[PDB]
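Enquirer: Residue numbers (this note's numbering), protein chains in the order written: chain A, 20 to 61; chain B, 342 to 499; chain C, 195 to 262; chain D, 205 to 346; chain E, -14 to 58; chain F, 73 to 153. A virtual CB, placed ideally from N, CA and C, is assigned to each residue, including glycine. One structure, as structure tokens, below. Some questions next.
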Amino acid sequence: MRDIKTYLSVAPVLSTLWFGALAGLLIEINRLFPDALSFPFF
Amino acid sequence: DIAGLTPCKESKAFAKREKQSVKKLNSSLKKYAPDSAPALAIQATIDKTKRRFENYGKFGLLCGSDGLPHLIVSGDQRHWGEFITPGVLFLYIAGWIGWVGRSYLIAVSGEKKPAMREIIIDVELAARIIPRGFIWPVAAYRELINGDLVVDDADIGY
Amino acid sequence: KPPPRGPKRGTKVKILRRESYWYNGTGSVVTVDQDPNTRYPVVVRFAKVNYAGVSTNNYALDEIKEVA
Amino acid sequence: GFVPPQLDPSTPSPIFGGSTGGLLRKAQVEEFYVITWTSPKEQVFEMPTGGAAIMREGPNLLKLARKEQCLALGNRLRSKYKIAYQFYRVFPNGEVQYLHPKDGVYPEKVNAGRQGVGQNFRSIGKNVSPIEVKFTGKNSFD
Amino acid sequence: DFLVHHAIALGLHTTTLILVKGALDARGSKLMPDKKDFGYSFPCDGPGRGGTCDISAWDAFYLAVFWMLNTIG
Amino acid sequence: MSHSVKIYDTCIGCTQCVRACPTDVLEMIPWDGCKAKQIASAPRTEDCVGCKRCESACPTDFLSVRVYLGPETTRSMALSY
Ligand SMILES: CCCCCCCCCCCCCCCCCC(=O)OC[C@H](CO[C@@H]1O[C@H](CO[C@H]2O[C@H](CO)[C@H](O)[C@H](O)[C@H]2O)[C@H](O)[C@H](O)[C@H]1O)OC(=O)CCCCCCCCCCCCCCCCC
Ligand code: CLA
Ligand SMILES: CC1=C(/C=C/C(C)=C/C=C/C(C)=C/C=C/C=C(C)/C=C/C=C(C)/C=C/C2=C(C)CCCC2(C)C)C(C)(C)CCC1
Ligand SMILES: CC1=C(/C=C/C(C)=C/C=C/C(C)=C/C=C/C=C(C)/C=C/C=C(C)/C=C/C2=C(C)CCCC2(C)C)C(C)(C)CCC1
Ligand SMILES: CC1=C(/C=C/C(C)=C/C=C/C(C)=C/C=C/C=C(C)/C=C/C=C(C)/C=C/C2=C(C)CCCC2(C)C)C(C)(C)CCC1
Ligand SMILES: CC1=C(/C=C/C(C)=C/C=C/C(C)=C\C=C\C=C(C)\C=C\C=C(C)\C=C\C2=C(C)CCCC2(C)C)C(C)(C)CCC1
Ligand code: SF4
Ligand code: SF4
Ligand code: SF4
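Shown next, in the form of structure tokens:
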């Protein structure tokens, strides 16, 4: 079990999941704010 | 009106671009059933680009002589919703990332062969080091104050 | 009874030689040959491997600083 | 130096069909090489320049173009079948020269009697800059 | 014109980088600290110790001419 | 004399070059400047082909045997024709 944990902590899979989460966040932001060119908050 | 660039809340070529875009979209729309989900998504994108044109006509966007937005990064905070605030926001993010990475590495340096933890991250230590980003401006600050950020004549080895 | 040259053991050394990969580098003494016919009697291990894959070499005492 | 040469004789050749790896104009005008060894048993070995052939019993005699191929084959024969060997150089005048051992003992190990041709008693960093020696014949490593 | 001027500045800075690296690192870097004894243009310093293709300063000028042509184009 | 070989007193007398010399150039000689009491020597630089494999082996600080290049000849070029 702990072996599969140390394997999961190997940079490829960690990086893939991290990048997937980041891309999901970005595409969701783009969905909720289409075309988002300026900073119309301040 | 910087160098004569009128905002397309008032210019015309912007309206012409908007009109032609919605026109070609609508002409494409009338080749299906008025209820087909593809036609529905087409009308959705139509109103979406329409409200985009509207939003652009709400935030002082000085607008070119050809019907296109044009940023004004000259420093005047009047047009700052393009560079200054997003610039400092991204600088905050980048400082976050740089500081957290540097701190992780400085920490994990003290082991037997740090390469084994540089290829396979100490995800526990990584998790209890990562959220420190809120300190990256101030912390590094004190470092430079105490001179614990740079080195003088230690170059190779460590 | 004849005083053996070179540091004793474990003494981290700072390299003074210029034409080595570890110029201004921090290594560890592993032994020194007490023979006065040597010409490079100290030997130092490192934690950074050089281009040739080696991680150890020889020096005299003049090219050492017994840092601590 | 009690390390005399052996004055390479004319002994039979290995059994081989003859092929496009042999000698050329160079060997017939400038120089070539002959490697010679005694063999323990008729076996098979790959020649340097193509294919394989068999050796005979007793002393052998193989000819080749350049010294590198001869020495490569000799190292193969020393690491594969544990036999000693020599190789000689020939000149179109008729001269024969004895090259590799120069004492009989491999150059791999120490054997007093060899001079010190080409030493510098200083580490590599001590070499000097070409400006200090420009407009002369000397160079830094000399 | 702004974007093109920025691309031109890119070309300028990178070509300068190539040439200045060729100049300063000509005496020798930790890859070959005694390069200053090999003269200006030499093939290489052997395939071992990591491989040393295209390490002369002549080779630096070589690798810079490409970017020079690019920027002027 | 076509190419040139040099050897420096950082030689630890480990004898890898000679074992890797392709054309029988180098050898060892009795010295007093290491444990093995033996240092390199190049009395056969004529047949020095020029491949760096010799100094691609010397596991010293930077190097201890250098192969400086020079003019060319018929044998220093691996010519066989
Ligand atoms: C050449 C070399 C020189 C150097 C290089 C220079 C090259 C030029 C570089 C220029 C770069 C410019 C980039 C600008 C991007 C701005 C992004 C942005 O402003 O984004 C803002 C947009 C806003 O979208 C728009 O937001 C608008 C806001 O409307 C507002 O305005 C209305 C007006 O009627 C109302 O009055 C009301 O105020 C309000 O509804 C409309 O809703 C539009 O429909 C909608 O599209 O998205 C959002 O709001 C996202 C949610 C908020 C995120 C930020 C707050 C949270 C803090 C960070 C938390 C982590 C999240 C990180 C996210 C990072 C990415 C954002
Ligand atoms: C947090 C780690 C970190 C930090 C603080 C820095 C800091 C710096 N780098 Mg750098 N670098 C890094 C990682 C890092 N680097 C990695 C991993 C690589 C290999 C891809 C490089 C490759 C690199 C080059 C080639 C150059 C620099 C340069 C510089 C300097 C100027 C900034 C710049 O141009 O960066 C530009 C930005 C990048 C190159 C992006 C790299 C940042 C990576 C993506 C972050 C890595 C985070 C980590 C691996 C993920 C784990 C997260 C955590 C959970 C552990 C600055 C000192 C420049 C220099 O010499 O300045 C004088 C330069 O020329 N860096
Ligand atoms: C196996 C393996 C590997 C690989 C991996 C990979 C290959 C990965 C990939 C990954 C990926 C490639 C991922 C992706 C993802 C994607 C995503 C995640 C997407 C999403 C999307 C979304 C979410 C959308 C949504 C929506 C819709 C649907 C509609 C409505 C609206 C919206 C837009 C919201 C490695 C190398 C590590 C190692 C070995 C093992
Ligand atoms: C199944 C499988 C397969 C296939 C695979 C594939 C094909 C995959 C693909 C994949 C893919 C295809 C992926 C992709 C991805 C992508 C992405 C995910 C993207 C993202 C993007 C983003 C995120 C962006 C962002 C941004 C930027 C960066 C700029 C600024 C702004 C924005 C936001 C726009 C095969 C058979 C071969 C094999 C077996 C398995
Ligand atoms: C969303 C958004 C945002 C944000 C963004 C961000 C935050 C981003 C990040 C990004 C990132 C995070 C990026 C990164 C990148 C990195 C890279 C890109 C790298 C690269 C590398 C390379 C390229 C390499 C190089 C080299 C080497 C190292 C080797 C030698 C040679 C050479 C130099 C080639 C903002 C607010 C602003 C706006 C709106 C949109
Ligand atoms: C705003 C702006 C402007 C201005 C600009 C300027 C004026 C700039 C300058 C800049 C400069 C003049 C810079 C300098 C710098 C220096 C130095 C010296 C730096 C340093 C850095 C550092 C120190 C960092 C560090 C760190 C951190 C903190 C984080 C990451 C990691 C590390 C550790 C790396 C204009 C209007 C024009 C345009 C728009 C924008
Ligand atoms: S290619 Fe690289 S390795 Fe092959 S010779 Fe030229 S330099 Fe030496
Ligand atoms: S060049 Fe280097 S390798 Fe080739 S023979 Fe002369 S010494 Fe041995
Ligand atoms: S150079 Fe390396 S191999 Fe040649 S003699 Fe000195 S130590 Fe032995």
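#1: Go to F:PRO102, then tell me how far its beta strand (DSSP E) extends in each direction, as first and last residue.
#2: Counting only beta-carbon separations shorter than 8 Å, does D:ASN324 have a partner in chain F?
#3: Quick check on E:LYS20 - is its C-beta less than 8 Å from some C-beta in chain D?
#4: Given that a residue counts as buried once 16 or more other Cβ atoms are within 10 Å of its Cβ, and exposed if not, what is F:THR82?
#5: Name, going along the chain, the residues of the region 200 to 228 of chain C whose beta-carbon falls closer than 7 Å to a beta-carbon of chain E.
#6: Mind pulling the chain F residues with CB within less than 9 Å of D:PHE345?
#7: Using DSSP bridges, identify the partner residues of D:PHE295.
#8: Compute the minimum distance between the beta carbon of C:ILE209 and the heavy atoms of ligand 5, and state whether it is under 7 Å.
#9: Assign E:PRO28 to one of three DSSP states: helix, strand, or coil.
#10: Could you confirm whether any beta carbon from chain C is found closer than 8 Å to the beta carbon of B:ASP496?
#11: Can you pull the DSSP bridge partners for B:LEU432?
#12: Can you give me the Cβ contacts of C:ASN218 inside the same chain, cut-off strictly under 8 Å, excluding the 5 residues immediately before and after it?
#13: Collect the residues with a C-beta less than 5 Å away from any heavy atom of ligand 4 and give them in sequence order along the chain.
#14: Excluding sequence positions up to five away, which residues of its chain have a Cβ less than 7 Å from the Cβ of B:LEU346?
#15: Using 8 Å as the cut-off, can you tell me whether the region 315 to 333 of chain D makes contact with the region 123 to 139 of chain F, which would need three or more C-beta pairs spanning the two stretches below that distance?
#16: Given a threshold of 16 other Cβ atoms within 10 Å of its Cβ, counted over all protein chains shown, does B:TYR433 qualify as buried or as exposed?
#17: Near B:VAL441, what residues of its chain come up, given a Cβ to Cβ distance below 8 Å and the 5 sequence neighbours on each side ignored?
#18: Within 7 Å: the Cβ of F:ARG125 and any heavy atom of ligand 8?
#19: How far does the beta strand (DSSP E) with D:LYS267 in it extend, from its first residue to its last?
#20: Compile a chain-ordered list of the residues in the region 118 to 138 of chain F whose CB is closer than 7 Å to at least one CB of chain E.
#21: Below 6 Å CB to CB, which residues in the same chain sit around D:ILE258 once its five sequence neighbours on both sides are set aside?
#22: Is it buried or exposed for A:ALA30, if we count other Cβ within 10 angstroms and need 16 for buried?
#23: Measuring alpha carbon to alpha carbon, tell me which of F:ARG125, F:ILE101 and F:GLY105 ends up nearest F:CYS93.
#24: Starting from the Cα of D:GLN210, find the closest Cα among D:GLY225, D:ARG293 and D:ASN343 and give me that residue.
#25: Quick one: what does DSSP say D:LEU303 is sitting in, helix, strand or coil?
#26: Return the chain-ordered list of same chain residues with a C-beta closer than 7 Å to the C-beta of D:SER223, the five sequence neighbours on each side being excluded.
#27: Per DSSP, which residues does A:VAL29 bridge with? Please list them.
#28: Can you tell me where the alpha helix (DSSP H) holding D:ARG282 begins and where it ends?
Expert: The answer reads as follows:
#1: Taking the first residue of the sixth sequence as 1, we reach residue 102 of chain F at position 30. 99 to 102 is the span of the beta strand (DSSP E), which, as asked, contains F:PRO102.
#2: For the purposes of this step, residue 324 of chain D is taken as the residue at position 120 of the fourth sequence. Output row for D:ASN324: interface = yes.
#3: Within the fifth sequence, numbered from 1, the residue matching residue 20 of chain E stands at position 35. No, E:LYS20 lies away from the interface with chain D (no Cβ there is under 8 Å from its Cβ).
#4: If you number the sixth sequence from 1, residue 82 of chain F lands on position 10. Buried, since its Cβ has 16 or more Cβ neighbours within 10 Å.
#5: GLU213 and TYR215
#6: Start at 1 with the first residue of the fourth sequence, and residue 345 of chain D comes out as number 141. Here the neighbours are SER76, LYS78, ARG138 and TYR140.
#7: Counting from 1 along the fourth sequence, the entry for residue 295 of chain D is found at position 91. Answer is none; D:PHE295 lacks a bridge partner.
#8: The count along the third sequence starts at 1 and reaches residue 209 of chain C at position 15. Checking the Cβ of C:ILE209 against ligand 5 gives no.
#9: Against the fifth sequence, residue 28 of chain E aligns to sequence position 43. Of the three classes helix, strand and coil, the one that applies to E:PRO28 here is coil, per DSSP.
#10: Your numbering for residue 496 of chain B matches position 155 in the second sequence. Output row for B:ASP496: interface = yes.
#11: Working through the second sequence from its first residue, we reach residue 432 of chain B at position 91. According to DSSP, which records beta bridges pairwise, B:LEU432 is partnered with nothing at all.
#12: Reading the third sequence from its first residue, position 24 is the one you call residue 218 of chain C. If we look at C:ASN218 and ignore the five residues flanking it on each side, its Cβ neighbours are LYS208 and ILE209.
#13: A:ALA42 and A:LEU45
#14: As a position in the second sequence, residue 346 of chain B is number 5, starting the count at 1. Excluding sequence neighbours, B:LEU346 sits near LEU403, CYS404, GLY405 and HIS411.
#15: yes
#16: Taking the first residue of the second sequence as 1, we reach residue 433 of chain B at position 92. By the 10 Å Cβ count, B:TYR433 comes out exposed.
#17: Residue numbering aside, residue 441 of chain B sits at position 100 when the second sequence is read from its first letter. So the list reads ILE470, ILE471, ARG473, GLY474 and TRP477, once near-sequence residues are dropped.
#18: Mapped onto the sixth sequence, residue 125 of chain F falls at position 53. Under cutoff, so the answer is yes.
#19: Position 63 of the fourth sequence, counted from the start, is the residue given in the question as residue 267 of chain D. Unbroken beta strand (DSSP E) run through D:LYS267: 266 to 268.
#20: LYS124, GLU127, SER128 and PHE134
#21: Start at 1 with the first residue of the fourth sequence, and residue 258 of chain D comes out as number 54. Closer than 6 Å at Cβ, skipping near neighbours: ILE219, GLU246 and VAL248.
#22: Here residue 30 of chain A is taken as the residue at index 11 of the first sequence, counted from 1. Burial call: exposed.
#23: In the sixth sequence, residue 93 of chain F corresponds to position 21, counting from 1. Closest option to F:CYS93, Cα to Cα, is F:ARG125.
#24: Reading the fourth sequence from its first residue, position 6 is the one you call residue 210 of chain D. Nearest option by C-alpha distance: D:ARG293.
#25: Walking along the fourth sequence from the start, residue 303 of chain D turns up at place 99. D:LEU303 falls in the coil class under three-state DSSP.
#26: Taking the first residue of the fourth sequence as position 1, residue 223 of chain D is located at position 19. Once the five neighbours on either side are set aside, the close Cβ partners of D:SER223 are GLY254 and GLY255.
#27: Walking along the first sequence from the start, residue 29 of chain A turns up at place 10. Per DSSP, B:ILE461.
#28: By 1-based counting over the fourth sequence, the position of residue 282 of chain D is 78. Note, D:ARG282: alpha helix (DSSP H), 271 to 284.
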